[PDB]
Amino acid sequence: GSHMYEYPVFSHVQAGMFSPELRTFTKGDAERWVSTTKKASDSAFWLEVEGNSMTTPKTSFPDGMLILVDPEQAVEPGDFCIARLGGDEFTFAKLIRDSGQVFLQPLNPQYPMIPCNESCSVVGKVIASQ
């Protein structure tokens, strides 16, 4: 007699003009809720992938896919995550170790890898998709 879960879907828009991979949360409550078997913290939420920066040329997050983000789970190289850059804008990428260096790597080679040091902090771990 297990249980299923449903988390809020949060909206976000392109942060800049020529950087679609950079997002910003929109003002407003959640209007949509998506279910999953994935047990997560009460801070967890979904984000709709909008674009192809995470679409591979076999893990791949095509445009339109929903991803479950849990701010309460620890992230390490190898995990996919949401990272805040600058303090207000965020991006969805794989956290990796490039020759010992920590970078955010989009799955679509067309987008640049970004260092995660000072103006970079992890928002949450991606733990599921729909």
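The first residue of the shown sequence is 1; numbering continues from there.
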Report, from the record, the number of residues in the deposited sequence between residue 100 and residue 101 that have no coordinates, as none, 1 to 3, 4 to 9, or 10 or more.
-> none
Once you work out the mean C-alpha B-factor for both 34-42 and 84-92 from the entry, which is higher?
-> 84-92
Report the stretch with the higher mean CA temperature factor, choosing between 15-23 and 105-113 on the basis of the entry.
-> 15-23
Candidate set 77, 28, 71, 64 [ranked by C-alpha B-factor, highest] = 28
Which third of the chain holds residue 123 when residues are ordered by C-alpha B factor: lowest, middle or highest?
-> middle
